[PDB]
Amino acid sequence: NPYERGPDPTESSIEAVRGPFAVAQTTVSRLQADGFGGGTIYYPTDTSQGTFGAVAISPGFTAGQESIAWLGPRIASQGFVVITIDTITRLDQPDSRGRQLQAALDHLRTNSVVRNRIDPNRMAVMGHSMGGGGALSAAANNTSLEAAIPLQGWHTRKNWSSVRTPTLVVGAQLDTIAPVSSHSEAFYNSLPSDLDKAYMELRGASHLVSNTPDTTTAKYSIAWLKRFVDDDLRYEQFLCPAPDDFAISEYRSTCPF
């Protein structure tokens, strides 16, 4: 596997706030951005091991970059190019949010500071609440995406039988804004039964768990991005079987992958 980056993983390594790769960040202004409201690109400086996969993360309704900013460097420090985006308007709906995620990804293909650091064939999308519903719409409109992770996602669309991208559904047990029963779990159930997928429910968590550094959210999101954006079979140990975490209230997967 030529896409493997960094040393072999442990529980502490996937839990670390910053991984091995030192990270730097560049900004894309609202004017510089074609198809989204701008954002911050986090990237590893060490290029000696090769290019990295790309990840785009979207915020929720009326939210901006800082609700998801802590995910940028945390994920990128494991060996990824991560752009956290602002939406074009504060009221953009989940279908629009999936486009701004794809436009942010495409913008990485031609970004000057990053395009030499990116493998444009291995990209993933992420999002909180409506940004999570957008992450599903971006996968449902681009079967070449390698991973999708809606974090407490929200969407009026319940049937996702057209997603072909390995998807990690992260719901919050005590979510009232987007309850897992009618949202997150409904998304996992309508995904293809043969798709490499997994539903993870965070114990005692509200809708706001992703707006602040949550280690459980970070560790499994890293494992998913490794196993699927890098095809890194070293990270399957953390997904198959069910993780032993009190932080996880429920878990269902298509393991082994």
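Residue positions are given as counts along the sequence shown, with the first one as 1.
As recorded in the PDB entry, 98-106 is the stretch of 132-140 and 98-106 with the greater mean C-alpha temperature factor. Higher average CA B factor: 25-33, of the stretches 209-217 and 25-33. By the numbers in the PDB entry, the CA B factor is greatest at 121 among 84, 184, 121, 159.
Note on the listed residues 152, 78, 167, 112: the highest Cα temperature factor in the record is that of 112.
For residue 174, the recorded CA temperature factor ranks within the middle third of the chain's modelled residues. Ranked within its chain, residue 125 lands in the lowest third, by CA B factor from the PDB record.
Residue 192: CA B factor in the middle third of modelled residues in this chain (values from the PDB entry).
Among the modelled residues of the chain, residue 58 sits in the lowest third by CA temperature factor in this PDB entry.
Looking at the C-alpha B-factors along this chain, the one for residue 91 belongs to the highest third.
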